Every structure is written in structure tokens, then in C-alpha cells.
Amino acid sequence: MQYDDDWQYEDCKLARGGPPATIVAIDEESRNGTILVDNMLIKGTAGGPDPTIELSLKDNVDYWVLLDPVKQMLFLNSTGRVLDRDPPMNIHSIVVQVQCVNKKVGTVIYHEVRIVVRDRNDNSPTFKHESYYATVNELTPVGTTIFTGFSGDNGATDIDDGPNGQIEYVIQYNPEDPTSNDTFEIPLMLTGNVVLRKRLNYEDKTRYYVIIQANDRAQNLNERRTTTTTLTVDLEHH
């Protein structure tokens, strides 16, 4: 009968239903030997004294993946380097092929594996400069924006992706310049522009030290990173 020997074509086919690609996700900077795929679920036995299949990896660019044929397990090979999703490495995904050769009949099937690398909040906000400065005239009206120096990557940036990499700025109380957080304000935390909120008086106070903290927007408040800088504001007479 036709198709009596279709059993010999079974090896190398998926032992599961579902779509052909096998897609998984793991955290960036996962440790060497981290499991990527527990079981490829391919029919047949690789390795041992009487295998029905040969398994191996193709298009394993930079050798990120290691295969254990007997378990049909894929592992991260990260020794002496880190799986980094952030600039400059920018690895968002690893795609490899598991080649399976059916020993009995000689057919080859390629099983595609996509590994999606998930972003960690492993980077803090970073200020382009060690400190910032503004000069303001004494008759500046209250409500005037007196500092915009964080505009256009000149302030804090964070190399992480999404909210892990979005910044908010807030003014903190300065116990060595107590009135500075009362005299200046950041009403729009996303821009970090500082506005004057009390009338200045050059005859009384000529310099303010405004402590400004940038934070990122990680989902978990306990995983947020922060960094502080100082804005020194000098009054001018002319």
C-alpha cells in the first residue's frame, strides 16, 4: 500500500502543533549558560549510540547559541562578553536555524528559532555636563523661563529603551541654599525648563544653587534610577 513507509519521514518534524517558528524571550545581560529553549520538541533522537536524526545550528552569527542535541536544548554562550540590548551593541534579537537531518531518508528540515531580547533598566540618567548655569536679570518677571539648557540632548539622557529611557526632572531642597527650591520651579517635568516663581532682590541675594534630579520612568518604582546635578543661577544688575 502507498504511504506504508511514511513513518520513516516522521523524524525531524516537530513533535508539537502550532506555527513553524519557535519564539522565546530572555533578558538582556543574562548569564552564560542561561536556557533559551528548554526543548525544541523535534521528533527523533540525536546523539546516543543509535540516533535517528542529526541536529546542528546554522546562521549562528557570533555564536550566541549553543545546542545540546541529546536534550534538544539551546543555551546562551555569553562567556567574556555581555548580551547587551542598549547602544552600542543593540542586540534586540537573535535568529538561528536548527538543521535536522533524517538519517533514514536523508531529508533536511530547518527549524527557525527567534530569541527576543528584553530590555532591563540597567542604565541610569546621565548629564552631558558636570554642572549648569544661568544668569538672570533682577527685574525678570515671575513666571519667566530662566533656564532651558536641558533642551536637545544637552541635559540628561538614558540609553535604555521605552520608559526605562525617558527622563523626568525635579528640583530638590538644598539644605545649604534653603530658599532655592522655593524661588525656582520645574512645572513641566519632561522638559526640565526652570521658571522663576518669586521676585528676585539683588540687594539681598545674588546667587542660587538649585539641586536638580533626573529620574527614569521604569514601571517598578523600586527599579528607577536617578542622577543629580546643580544649576547655579547668578543675578545680574545690568
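Numbers follow the displayed sequence, beginning with 1. Take the two forms, find the largest set of C-alpha atoms that superpose within 1.5 Å, and that set is the rigid core.
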Inset, instruction - Compare 57-65 with 42-50 and report which one shows the larger root mean square C-alpha deviation from this form in 6 other deposited structures of this protein once the rigid core is superposed. - result: 42-50
Inset, instruction - Quick one: say whether 180-188 or 56-64 has the higher mean Cα B-factor in the deposited entry. - result: 56-64
Inset, instruction - Would you mind comparing 3-11 and 228-236 for me and telling me which has the higher average C-alpha temperature factor in the entry? - result: 3-11
Legend entry - Residue with maximal Cα B-factor (values as given in the PDB entry) among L139, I167, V98, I146: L139
Legend entry - Top Cα B factor in the deposited entry, candidates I115, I109, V82, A134: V82
Legend entry - Ranked C-alpha temperature factor of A25 among modelled chain residues, by third: middle
Inset, instruction - Report the third (lowest, middle or highest) to which the CA temperature factor of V70 belongs, ranking only the modelled residues of the same chain. - result: highest
Inset, instruction - Just say lowest, middle or highest third for the CA B-factor of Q213 relative to the other modelled residues in its chain. - result: lowest
Legend entry - Third assignment of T34 from its chain's C-alpha B-factors: middle
